[PDB]
Number of protein chains: 2
Amino acid sequence: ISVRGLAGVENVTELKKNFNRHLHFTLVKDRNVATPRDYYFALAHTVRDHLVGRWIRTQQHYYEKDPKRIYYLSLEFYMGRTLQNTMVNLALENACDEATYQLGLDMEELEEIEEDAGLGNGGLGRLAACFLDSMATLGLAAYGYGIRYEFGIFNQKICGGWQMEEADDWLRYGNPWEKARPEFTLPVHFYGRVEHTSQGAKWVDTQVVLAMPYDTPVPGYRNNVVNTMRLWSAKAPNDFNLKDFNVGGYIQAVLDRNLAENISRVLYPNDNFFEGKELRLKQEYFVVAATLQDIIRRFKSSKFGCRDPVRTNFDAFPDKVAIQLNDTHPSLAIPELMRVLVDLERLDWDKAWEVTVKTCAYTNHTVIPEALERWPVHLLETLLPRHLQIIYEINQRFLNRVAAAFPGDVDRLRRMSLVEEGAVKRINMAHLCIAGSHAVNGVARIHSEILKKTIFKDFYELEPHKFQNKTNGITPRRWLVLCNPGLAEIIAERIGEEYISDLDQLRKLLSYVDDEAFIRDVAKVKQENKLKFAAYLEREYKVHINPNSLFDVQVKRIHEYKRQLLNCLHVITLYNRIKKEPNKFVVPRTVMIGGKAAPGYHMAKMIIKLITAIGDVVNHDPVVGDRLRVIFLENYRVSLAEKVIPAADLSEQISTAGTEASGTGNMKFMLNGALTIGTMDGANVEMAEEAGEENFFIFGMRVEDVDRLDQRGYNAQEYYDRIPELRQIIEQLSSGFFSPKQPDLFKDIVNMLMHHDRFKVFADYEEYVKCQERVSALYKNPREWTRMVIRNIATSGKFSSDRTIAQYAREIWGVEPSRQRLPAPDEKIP
Amino acid sequence: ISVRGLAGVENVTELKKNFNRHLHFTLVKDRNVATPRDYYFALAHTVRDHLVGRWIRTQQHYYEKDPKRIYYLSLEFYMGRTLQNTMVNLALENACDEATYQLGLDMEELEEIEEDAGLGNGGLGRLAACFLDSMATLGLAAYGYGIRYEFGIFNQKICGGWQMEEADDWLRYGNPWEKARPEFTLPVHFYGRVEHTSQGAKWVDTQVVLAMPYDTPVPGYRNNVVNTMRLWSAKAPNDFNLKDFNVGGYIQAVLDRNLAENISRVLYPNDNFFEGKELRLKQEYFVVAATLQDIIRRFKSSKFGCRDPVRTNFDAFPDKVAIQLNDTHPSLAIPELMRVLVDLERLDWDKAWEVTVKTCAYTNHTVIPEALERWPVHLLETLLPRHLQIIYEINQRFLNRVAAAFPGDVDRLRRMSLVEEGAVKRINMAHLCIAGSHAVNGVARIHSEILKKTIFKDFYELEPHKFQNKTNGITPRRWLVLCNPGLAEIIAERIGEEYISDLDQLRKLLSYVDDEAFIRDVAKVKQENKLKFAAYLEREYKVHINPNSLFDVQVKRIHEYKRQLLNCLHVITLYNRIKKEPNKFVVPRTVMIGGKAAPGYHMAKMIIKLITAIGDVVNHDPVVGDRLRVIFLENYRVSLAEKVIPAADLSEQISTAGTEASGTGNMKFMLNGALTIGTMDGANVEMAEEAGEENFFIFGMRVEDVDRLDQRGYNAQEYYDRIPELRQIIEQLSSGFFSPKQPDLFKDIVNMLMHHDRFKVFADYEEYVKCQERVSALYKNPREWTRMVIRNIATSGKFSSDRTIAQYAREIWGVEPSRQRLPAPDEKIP
Ligand SMILES: O=c1[nH]cnc2c1ncn2[C@@H]1O[C@H](COP(=O)(O)O)[C@@H](O)[C@H]1O
Ligand SMILES: O=c1[nH]cnc2c1ncn2[C@@H]1O[C@H](COP(=O)(O)O)[C@@H](O)[C@H]1O
Ligand SMILES: OC[C@H]1O[C@H](O)[C@H](O)[C@@H](O)[C@@H]1O
Ligand SMILES: OC[C@H]1O[C@H](O)[C@H](O)[C@@H](O)[C@@H]1O
């Protein structure tokens, strides 16, 4: 059937009776009233049964051996569905496929019923999810820590071509994967004041919110390792949230509990954009506060909570603990670690600081100013009074370090300050993370260089040893084996299965680049993938596409820096050229653009409306026929990505050079048989460097050209004046050609493009359409297109998150990865 | 061990491995980190496994046979713990006791870990729970319908002698008994307006709240019948509760969902008191609206949703459906049934009314005015516009019926109106229930007569056939076998086990009233029970009591009509007599008073403080010694009742004659070996009539004497003037003898007792202490006390809820009870 494992006789029979056990005892249903949703749950429960045994021994193991623990703090974990991924990592897919088949059910139909765990916005949240899988696969004693939002990223609905947002009630039917652990509930404090008495400061008169943990298993790939992702939920204490007496109402007091519990109610839907709301800050401290108590409790036991030097010596803390900060969101971990060590454990400042800097490491994901977290001091002052005091003290001592290093450099002093003066005083969270971490890394080579040359230049000059790079990567399990079994199978037919956990082996496919059968096969799976997607399209969304055309797809969050608009300009250009010479042959294209816009991002929502507006015109022009279709992919999310990426021919990574930190979707397309048209931005540089620039479609300005233009001054009018095709498009938008009933509908876009384009869309236009002509030329030659595809796939090995994690482990965490199978799952009951 | 069933070889082994399966696969724990709470859950899950098989066939059976369905609507269901009760009804107790023992655990210790399902206030909510058990035991196709509150009756804490209320988060750790059924979610409407168009009225522009059901199994006693209790939970739709666009905030929209969901957040803690708040009314319509759709859906299928006359003829509706109204709380079921039939199904008014009156029946539980539900018309007008219209129309036609029956009786017309004029117009819910129900019943003989003679006299004259009586009862399973196995065992030793489901057989115990061994045994179990309680007291609450003293206990909700105050006066009298003649012998007594006061009931909370105040003085007077102790039983609830009742010697049922509708605690004490001191009120009359007045301690005014006094005019001063002992007590309270630091602390109580005593406490004082002297005299003669106890127990058979339910079934629902064992639980999978 494929290498989805063995469909053993004993195990298919075992699976079947357990499926029935759950359908009866767990779901309390009988075959006669069971719906596909019930069947999905019986299977999910049956599959989950297979990893609890491994989950329990993995955790018991770490307790016995007591290795260095890796804690990955993130406010986002973009998990997606977890049924197939668990089957794949446990080598259960074929057995389950067989068993359900015998039960008379279609496993694929049941898989579609599982709701996505959308606890993420985009790139940052998915990275965390890929990292978790790789850390388990590499046998690291790692823990994912975050917030269990009851409402994840909103479900996007397109009404009249406009995005409509609606609550993502992913828990509505229950989550069979998580395990509530109410017995490990921890208290978290807010507000209060600081009392300075005799021997130390005291955080007093605080409001208490409880953090209840929920553990979700994270299985490694076929190694019997099941790590844990612990997600905190907010709960109100039953005392003060009722007991603070003297009138108000008993009923109202109980109803008011949903004020402390709102902390974990919903994920902020912002991608690369900072919103300084109090609710956000509370979520940030809530995950940090609860997680640290857990980390310290685990350490206090270790082998110190037995003997060792005997005396809670936190000197070995950094040798047993490593906490990685996914962006500055969990940055309060630094002053919170200090608060506990100093105020509670009573260590001296310097010893505590040494310990803190040694266990914390920070990861930066963007260079755009509006994405940077700068919290107003009055907020920190009211909500976390002691943390502000600790931050001021950290700043004081850090700046003294700078003064001592750069005598007389008074401007450098204000530039590096953690405290920003001006309208309102703010705390620069990124400066905080650099100061309190022993390592700071970028997510791609050029982004990491940019950090040292620009944004964090002063900090780099102060401590050059802190700055590193760790190029992002994706997990080949979910992003290849799971979503593209057809391609995984033909690769395995030639080079084996060891590449799934050693992606570098794909290089061996280079010797099949002239193999006639392979070329035919690589081409065949892509055709099969396109056919399946084209079908899904009509199934769930309804209104035909042509599977013989070039599948041009750009899927990511809607942003001005990602330039979906530049893509739009090209689409309109194609349309106008066809209308000029209708009877001329052009390569057919289905351009698919999908992604979510943050609810308050006006420009982004206007761009979604433009895309659907273009589709309304292009898709109903009889002269165009089936040569050009414009489709907007609704509700782009992880599970939808698993469907489009394998069916894509062209991947669009066209951000303005210097703006996309790394990107990971680009990697997803490369490993799945799509050719890439993009700018020398983020990881695109390392990808083209790996496949060879000849097998990549690079165009536009490089970082240097962008800066040259900025020195000069960017004037869009110049481009409008010298390019008639561009002029024609802008006047079409301006006159209502794409919006008849509302002719001035797109004035904001035109106005922006002409007067305030921060990402110079027009400057790359000419080279972009020129370059697009070149991919069309190559698509006309199926054999050469596929051969170039093979060159990309065979050379994508470097972009596996296993490589990324191995580097973090060695160069930052100080732990060694291991592909050693844990001692089976085998029963056991001590 | 006892007749807690057989501890079979095959089943104890089967239980044990399943206990381990759950501890591993369900709880995801290993013996080395498992706590008693984990052990309780493994057992609970193991026990629950035994009734799902029976649950599924019982429901499938009712679908095949299609009998008349009984729907018990109540806003309260006081369930308590459900682990032991399930073991008892499934004959699993000994096997589970053995198995856990072999596993090295104490089953009794694990049972104490289960949280009570306190979805009730007192008498009314517990009746519903006893009814459910009896309906299952008598094989009726009955369904319990209500609201799944996430916070039940508050946990009572005594601080400085004052009650403190704190949220009852009973779901904190999960509920292993319920089964969420999100697939049967139903919409409920609120607000909107009424459009009158061409062919009918339309309820439009409403706000939608979703009702998600949760089913809990209700097993009959050893007959393999497992009925269902469906509890609704409020959920917000993900559309409009987000989709009603045009600014406000995406985040705020999501946080605002907890506004529609507040509907099922908390139970109103009022006992026999009406609070006209909007939240209450919304809960009342919410349970009614969701339940009726479910009832009609089930009917539409039946055998009509196959063939029959073919044409949705609702003429057979009353032949297939019976809905019982537990008080006026679910009274909107009447106008809601009309709304659906008329507005949606399009039946003519008269046919719909006929159907409605024929399927609905109402139960009245109290005669005090402040307990009566009178909803302001402006509230109904805004929240349920169409229902108000239907109510006005019902009133119109009903009053025409009256005018026609009593020509010219203009006052009778205003008296009977469903609409009350005055300050604000109100709708009298009770009048609504009488008009739209084919039966109206009281809960005890005297209460039912009072309804006909007083409160509902006019309605009785109009339709005498509607009014009935159904004396309350309690379930002998939870209230005997479960809480007092020792007494159940010795009864079974002489007359067998058939009495558990045929309590009348206890009469056979009358022939052992002179049996020396039985008397010794009856006396022994009571002594063992007292010893166990006296121990629990020191275990969980701490500060000694004497098990040789007479256990004088009054446990019920704190009310002015229950007269805990009259009990207080007696306690103080005993104390004063001892202090007058210290070296005189008096029968030792431990008087225990327990119960909760509604949060806003000032007088009730003042009474709790008086009780603890008396204890502070009495319990620390060296001259009193161990002859008199005053203890306040904290957090009185179902599980605590199972502990005190079996250990009680004297039961206090001293409400003012004519105020306690029936009472059920009185019955609980009678079946468990306690003698009763009380007034000729409620069921006390039927109990004394059953045991013989010679075996009952009756005192005070009868209903007639109370009325005579009211004609005359009640003057408390007269009693104060002629009784020196009474005078001495009031001056003690007035001068601060019981409150030194705050001498005027009890001025409200004294003031009330002297000038506004609605329940004439002083009028019964003399006869009450005189009567108390008589029980002390009899306690001094152990043999005669026990013989009288045997006369009570042997004669309590009439007070089983099986008898009550059999009467409802025959005289109201039109169904026949059946003690037929359903065809085993046996596997099966169609
Ligand atoms: O005190 C202990 N004794 C025995 N095993 C323990 C103890 N603490 C943790 N463990 C084991 O380690 C796993 C890790 O628990 P953690 O504290 O949540 O990391 C547990 O589920 C147990 O198997
Ligand atoms: O349409 C039907 N076909 C077969 N069995 C049904 C059907 N509707 C109800 N049942 C059975 O009746 C039980 C009662 O379901 P209810 O509608 O919730 O009362 C179900 O769990 C099924 O066993
Ligand atoms: O590092 C993970 C991702 O984080 C953010 O989404 C960045 O915009 C993206 O370039 C990066 O790939
Ligand atoms: O009918 C059930 C119970 O309802 C109420 O609590 C009444 O006050 C009580 O007398 C009655 O026994």
# chains A, B, ... in the order shown; residues from 1 in each chain; ligands from 1

call {"tool": "interface_residues", "arguments": {"of": "chain B", "to": "chain A", "cutoff": "9 Å", "atoms": "only C-alpha atoms", "output": "PyMOL selection string"}}
result
chain B and resi 20+24-32+48-49+52-53+55-56+151+164-169+172-174+179-183+237-243+245+249-251+253-255+258+262+265-269+599-600+829-830

call {"tool": "closest_atom_pairs", "arguments": {"of": "chain A", "to": "ligand 1", "cutoff": "6 Å", "atoms": "only C-alpha atoms and all ligand atoms", "output": "tab-separated table"}}
result
residue	atom	partner	partner_atom_place_in_ligand_line	distance
A:59	CA	ligand 1	13 (C)	4.5
A:60	CA	ligand 1	23 (O)	3.8
A:63	CA	ligand 1	12 (O)	4.8
A:298	CA	ligand 1	17 (O)	5.5

call {"tool": "residues_near_ligand", "arguments": {"ligand": "ligand 3", "cutoff": "6 Å", "atoms": "only C-alpha atoms and all ligand atoms", "output": "count of residues only"}}
result
12

call {"tool": "select_by_dssp", "arguments": {"residues": "region 190-390 of chain A", "states": "strand (DSSP E or B)", "output": "ChimeraX atom specification"}}
result
/A:190,193-196,201-204,207-219,226-235,266,321-326,360-363,374-376

call {"tool": "atom_distance", "arguments": {"atom1": "CA of residue 679 (chain B)", "atom2": "CA of residue 273 (chain B)"}}
result
22.5 Å

call {"tool": "residues_around", "arguments": {"residues": "residue 418 (chain B)", "least_positions_apart": "2", "cutoff": "7 Å", "atoms": "only C-alpha atoms", "output": "PDB file with N, CA, C and O atoms, in the first residue's frame"}}
result
ATOM      1  N   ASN B 395     -55.123  33.643  29.634  1.00  0.00           N
ATOM      2  CA  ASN B 395     -55.845  34.310  30.719  1.00  0.00           C
ATOM      3  C   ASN B 395     -57.237  34.725  30.247  1.00  0.00           C
ATOM      4  O   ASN B 395     -58.234  34.490  30.928  1.00  0.00           O
ATOM      5  N   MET B 416     -58.576  35.229  40.501  1.00  0.00           N
ATOM      6  CA  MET B 416     -58.105  34.103  39.711  1.00  0.00           C
ATOM      7  C   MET B 416     -57.237  34.475  38.524  1.00  0.00           C
ATOM      8  O   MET B 416     -56.599  33.607  37.938  1.00  0.00           O
ATOM      9  N   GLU B 420     -51.583  39.924  37.640  1.00  0.00           N
ATOM     10  CA  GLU B 420     -51.820  40.677  38.875  1.00  0.00           C
ATOM     11  C   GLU B 420     -51.572  42.173  38.673  1.00  0.00           C
ATOM     12  O   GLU B 420     -50.483  42.585  38.266  1.00  0.00           O
ATOM     13  N   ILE B 427     -47.129  38.337  36.527  1.00  0.00           N
ATOM     14  CA  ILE B 427     -47.815  37.162  36.030  1.00  0.00           C
ATOM     15  C   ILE B 427     -47.661  36.166  37.163  1.00  0.00           C
ATOM     16  O   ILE B 427     -46.551  35.953  37.649  1.00  0.00           O
ATOM     17  N   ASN B 428     -48.775  35.592  37.613  1.00  0.00           N
ATOM     18  CA  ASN B 428     -48.760  34.611  38.702  1.00  0.00           C
ATOM     19  C   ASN B 428     -48.518  33.243  38.074  1.00  0.00           C
ATOM     20  O   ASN B 428     -49.435  32.627  37.523  1.00  0.00           O
ATOM     21  N   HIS B 431     -50.881  30.269  38.968  1.00  0.00           N
ATOM     22  CA  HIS B 431     -52.211  30.295  38.358  1.00  0.00           C
ATOM     23  C   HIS B 431     -52.092  29.744  36.941  1.00  0.00           C
ATOM     24  O   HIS B 431     -52.997  29.067  36.454  1.00  0.00           O
ATOM     25  N   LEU B 432     -50.962  30.030  36.297  1.00  0.00           N
ATOM     26  CA  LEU B 432     -50.676  29.570  34.934  1.00  0.00           C
ATOM     27  C   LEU B 432     -50.608  28.053  34.897  1.00  0.00           C
ATOM     28  O   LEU B 432     -51.167  27.416  34.006  1.00  0.00           O
TER      29      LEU B 432
END

call {"tool": "closest_atom_pairs", "arguments": {"of": "chain B", "to": "ligand 2", "cutoff": "12 Å", "atoms": "only C-alpha atoms and all ligand atoms", "output": "JSON lines"}}
result
{"residue": "B:52", "atom": "CA", "partner": "ligand 2", "partner_atom_place_in_ligand_line": "21 (O)", "distance": 11.1}
{"residue": "B:53", "atom": "CA", "partner": "ligand 2", "partner_atom_place_in_ligand_line": "23 (O)", "distance": 11.2}
{"residue": "B:54", "atom": "CA", "partner": "ligand 2", "partner_atom_place_in_ligand_line": "23 (O)", "distance": 11.4}
{"residue": "B:55", "atom": "CA", "partner": "ligand 2", "partner_atom_place_in_ligand_line": "21 (O)", "distance": 8.9}
{"residue": "B:56", "atom": "CA", "partner": "ligand 2", "partner_atom_place_in_ligand_line": "21 (O)", "distance": 6.2}
{"residue": "B:57", "atom": "CA", "partner": "ligand 2", "partner_atom_place_in_ligand_line": "23 (O)", "distance": 7.0}
{"residue": "B:58", "atom": "CA", "partner": "ligand 2", "partner_atom_place_in_ligand_line": "13 (C)", "distance": 8.0}
{"residue": "B:59", "atom": "CA", "partner": "ligand 2", "partner_atom_place_in_ligand_line": "13 (C)", "distance": 4.5}
{"residue": "B:60", "atom": "CA", "partner": "ligand 2", "partner_atom_place_in_ligand_line": "23 (O)", "distance": 3.8}
{"residue": "B:61", "atom": "CA", "partner": "ligand 2", "partner_atom_place_in_ligand_line": "12 (O)", "distance": 7.3}
{"residue": "B:62", "atom": "CA", "partner": "ligand 2", "partner_atom_place_in_ligand_line": "12 (O)", "distance": 7.0}
{"residue": "B:63", "atom": "CA", "partner": "ligand 2", "partner_atom_place_in_ligand_line": "12 (O)", "distance": 4.8}
{"residue": "B:64", "atom": "CA", "partner": "ligand 2", "partner_atom_place_in_ligand_line": "12 (O)", "distance": 7.8}
{"residue": "B:65", "atom": "CA", "partner": "ligand 2", "partner_atom_place_in_ligand_line": "12 (O)", "distance": 10.5}
{"residue": "B:66", "atom": "CA", "partner": "ligand 2", "partner_atom_place_in_ligand_line": "12 (O)", "distance": 9.8}
{"residue": "B:67", "atom": "CA", "partner": "ligand 2", "partner_atom_place_in_ligand_line": "19 (O)", "distance": 11.8}
{"residue": "B:69", "atom": "CA", "partner": "ligand 2", "partner_atom_place_in_ligand_line": "19 (O)", "distance": 10.0}
{"residue": "B:71", "atom": "CA", "partner": "ligand 2", "partner_atom_place_in_ligand_line": "19 (O)", "distance": 11.8}
{"residue": "B:141", "atom": "CA", "partner": "ligand 2", "partner_atom_place_in_ligand_line": "19 (O)", "distance": 10.2}
{"residue": "B:142", "atom": "CA", "partner": "ligand 2", "partner_atom_place_in_ligand_line": "19 (O)", "distance": 10.7}
{"residue": "B:143", "atom": "CA", "partner": "ligand 2", "partner_atom_place_in_ligand_line": "19 (O)", "distance": 9.4}
{"residue": "B:181", "atom": "CA", "partner": "ligand 2", "partner_atom_place_in_ligand_line": "18 (O)", "distance": 9.6}
{"residue": "B:183", "atom": "CA", "partner": "ligand 2", "partner_atom_place_in_ligand_line": "18 (O)", "distance": 10.7}
{"residue": "B:184", "atom": "CA", "partner": "ligand 2", "partner_atom_place_in_ligand_line": "18 (O)", "distance": 8.5}
{"residue": "B:185", "atom": "CA", "partner": "ligand 2", "partner_atom_place_in_ligand_line": "18 (O)", "distance": 11.8}
{"residue": "B:213", "atom": "CA", "partner": "ligand 2", "partner_atom_place_in_ligand_line": "18 (O)", "distance": 10.4}
{"residue": "B:214", "atom": "CA", "partner": "ligand 2", "partner_atom_place_in_ligand_line": "18 (O)", "distance": 11.2}
{"residue": "B:215", "atom": "CA", "partner": "ligand 2", "partner_atom_place_in_ligand_line": "18 (O)", "distance": 9.5}
{"residue": "B:226", "atom": "CA", "partner": "ligand 2", "partner_atom_place_in_ligand_line": "13 (C)", "distance": 12.0}
{"residue": "B:227", "atom": "CA", "partner": "ligand 2", "partner_atom_place_in_ligand_line": "19 (O)", "distance": 10.3}
{"residue": "B:228", "atom": "CA", "partner": "ligand 2", "partner_atom_place_in_ligand_line": "19 (O)", "distance": 9.2}
{"residue": "B:229", "atom": "CA", "partner": "ligand 2", "partner_atom_place_in_ligand_line": "18 (O)", "distance": 11.1}
{"residue": "B:230", "atom": "CA", "partner": "ligand 2", "partner_atom_place_in_ligand_line": "18 (O)", "distance": 9.6}
{"residue": "B:291", "atom": "CA", "partner": "ligand 2", "partner_atom_place_in_ligand_line": "18 (O)", "distance": 11.7}
{"residue": "B:293", "atom": "CA", "partner": "ligand 2", "partner_atom_place_in_ligand_line": "17 (O)", "distance": 11.3}
{"residue": "B:294", "atom": "CA", "partner": "ligand 2", "partner_atom_place_in_ligand_line": "17 (O)", "distance": 7.9}
{"residue": "B:295", "atom": "CA", "partner": "ligand 2", "partner_atom_place_in_ligand_line": "19 (O)", "distance": 8.8}
{"residue": "B:296", "atom": "CA", "partner": "ligand 2", "partner_atom_place_in_ligand_line": "17 (O)", "distance": 10.3}
{"residue": "B:297", "atom": "CA", "partner": "ligand 2", "partner_atom_place_in_ligand_line": "17 (O)", "distance": 7.6}
{"residue": "B:298", "atom": "CA", "partner": "ligand 2", "partner_atom_place_in_ligand_line": "17 (O)", "distance": 5.5}
{"residue": "B:299", "atom": "CA", "partner": "ligand 2", "partner_atom_place_in_ligand_line": "17 (O)", "distance": 9.2}
{"residue": "B:300", "atom": "CA", "partner": "ligand 2", "partner_atom_place_in_ligand_line": "17 (O)", "distance": 10.3}
{"residue": "B:301", "atom": "CA", "partner": "ligand 2", "partner_atom_place_in_ligand_line": "1 (O)", "distance": 7.5}
{"residue": "B:302", "atom": "CA", "partner": "ligand 2", "partner_atom_place_in_ligand_line": "8 (N)", "distance": 8.6}
{"residue": "B:303", "atom": "CA", "partner": "ligand 2", "partner_atom_place_in_ligand_line": "1 (O)", "distance": 10.7}
{"residue": "B:305", "atom": "CA", "partner": "ligand 2", "partner_atom_place_in_ligand_line": "1 (O)", "distance": 9.3}
{"residue": "B:306", "atom": "CA", "partner": "ligand 2", "partner_atom_place_in_ligand_line": "1 (O)", "distance": 10.1}
{"residue": "B:829", "atom": "CA", "partner": "ligand 2", "partner_atom_place_in_ligand_line": "23 (O)", "distance": 10.9}
{"residue": "B:830", "atom": "CA", "partner": "ligand 2", "partner_atom_place_in_ligand_line": "23 (O)", "distance": 9.9}

call {"tool": "select_by_dssp", "arguments": {"residues": "region 282-486 of chain A", "states": "helix (DSSP H, G or I)", "output": "number ranges by chain"}}
result
A: 282-301, 314-320, 333-344, 349-359, 369-371, 377-383, 385-405, 410-416, 429-435, 445-453, 457-462, 477-482, 485-486

call {"tool": "residues_around", "arguments": {"residues": "residue 802 (chain A)", "least_positions_apart": "3", "cutoff": "9 Å", "atoms": "only C-alpha atoms", "output": "ChimeraX atom specification"}}
result
/A:130-131,133-135,137-138,473-476,501-503,799,805-807

call {"tool": "residues_around", "arguments": {"residues": "residue 790 (chain B)", "least_positions_apart": "5", "cutoff": "9 Å", "atoms": "only C-alpha atoms", "output": "mmCIF file with N, CA and C atoms, in the first residue's frame"}}
result
data_model
loop_
_atom_site.group_PDB
_atom_site.id
_atom_site.type_symbol
_atom_site.label_atom_id
_atom_site.label_comp_id
_atom_site.auth_asym_id
_atom_site.auth_seq_id
_atom_site.Cartn_x
_atom_site.Cartn_y
_atom_site.Cartn_z
ATOM 1 N N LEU B 509 -41.380 -6.369 60.843
ATOM 2 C CA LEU B 509 -40.457 -6.172 61.951
ATOM 3 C C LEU B 509 -41.222 -5.927 63.257
ATOM 4 N N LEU B 510 -42.520 -5.695 63.132
ATOM 5 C CA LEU B 510 -43.375 -5.451 64.286
ATOM 6 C C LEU B 510 -43.407 -6.664 65.217
ATOM 7 N N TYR B 512 -40.977 -8.455 66.018
ATOM 8 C CA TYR B 512 -39.687 -8.624 66.677
ATOM 9 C C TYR B 512 -39.522 -7.520 67.711
ATOM 10 N N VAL B 513 -40.612 -6.799 67.965
ATOM 11 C CA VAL B 513 -40.606 -5.691 68.914
ATOM 12 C C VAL B 513 -40.368 -6.109 70.362
ATOM 13 N N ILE B 519 -33.742 -6.225 69.625
ATOM 14 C CA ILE B 519 -33.641 -4.985 70.403
ATOM 15 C C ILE B 519 -32.173 -4.653 70.671
ATOM 16 N N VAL B 522 -30.653 -3.667 67.155
ATOM 17 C CA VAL B 522 -31.089 -2.346 66.712
ATOM 18 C C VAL B 522 -30.303 -1.313 67.511
ATOM 19 N N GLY B 673 -33.819 4.836 62.577
ATOM 20 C CA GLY B 673 -33.721 4.639 64.010
ATOM 21 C C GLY B 673 -33.710 5.828 64.947
ATOM 22 N N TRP B 785 -36.928 2.816 74.768
ATOM 23 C CA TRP B 785 -36.608 3.759 73.711
ATOM 24 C C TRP B 785 -36.419 2.970 72.404
ATOM 25 N N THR B 795 -42.722 0.830 60.750
ATOM 26 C CA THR B 795 -43.901 1.472 60.219
ATOM 27 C C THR B 795 -43.642 2.613 59.228
#

call {"tool": "residues_around", "arguments": {"residues": "region 686-701 of chain B", "least_positions_apart": "3", "cutoff": "7 Å", "atoms": "only C-alpha atoms", "output": "ChimeraX atom specification"}}
result
/B:657,676-680,683,705-706,764,767-768,771,788,791-792,795

call {"tool": "residues_around", "arguments": {"residues": "residue 607 (chain B)", "least_positions_apart": "4", "cutoff": "8 Å", "atoms": "only C-alpha atoms", "output": "PyMOL selection string"}}
result
chain B and resi 558+564-565+603+611+749

call {"tool": "write_last_selection", "arguments": {"atoms": "N, CA, C and O atoms", "output": "short mmCIF file (atom, residue, chain, number, x, y, z; two decimals), in the first residue's frame"}}
result
data_model
loop_
_atom_site.label_atom_id
_atom_site.label_comp_id
_atom_site.auth_asym_id
_atom_site.auth_seq_id
_atom_site.Cartn_x
_atom_site.Cartn_y
_atom_site.Cartn_z
N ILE B 558 -31.68 26.82 56.75
CA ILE B 558 -32.00 27.76 57.82
C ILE B 558 -33.14 28.67 57.38
O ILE B 558 -33.05 29.37 56.37
N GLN B 564 -35.34 27.10 63.85
CA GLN B 564 -34.12 26.64 64.50
C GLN B 564 -34.07 27.44 65.79
O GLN B 564 -33.50 27.01 66.79
N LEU B 565 -34.68 28.63 65.76
CA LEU B 565 -34.71 29.54 66.91
C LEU B 565 -35.44 28.92 68.09
O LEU B 565 -35.06 29.15 69.24
N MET B 603 -31.67 37.48 58.35
CA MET B 603 -32.14 36.80 59.56
C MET B 603 -31.56 35.39 59.71
O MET B 603 -31.14 34.99 60.80
N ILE B 611 -26.44 30.36 67.04
CA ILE B 611 -26.16 28.97 67.34
C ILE B 611 -24.70 28.80 67.76
O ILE B 611 -24.43 28.17 68.78
N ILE B 749 -32.79 39.83 66.35
CA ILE B 749 -33.49 38.61 66.70
C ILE B 749 -34.51 38.87 67.81
O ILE B 749 -35.68 38.50 67.69
#

call {"tool": "closest_residue", "arguments": {"among": "B:359, B:505, B:100, B:270", "to": "residue 68 (chain B)", "atoms": "only C-alpha atoms"}}
result
B:359

call {"tool": "atom_distance", "arguments": {"atom1": "CA of residue 584 (chain B)", "atom2": "CA of residue 775 (chain B)"}}
result
17.8 Å
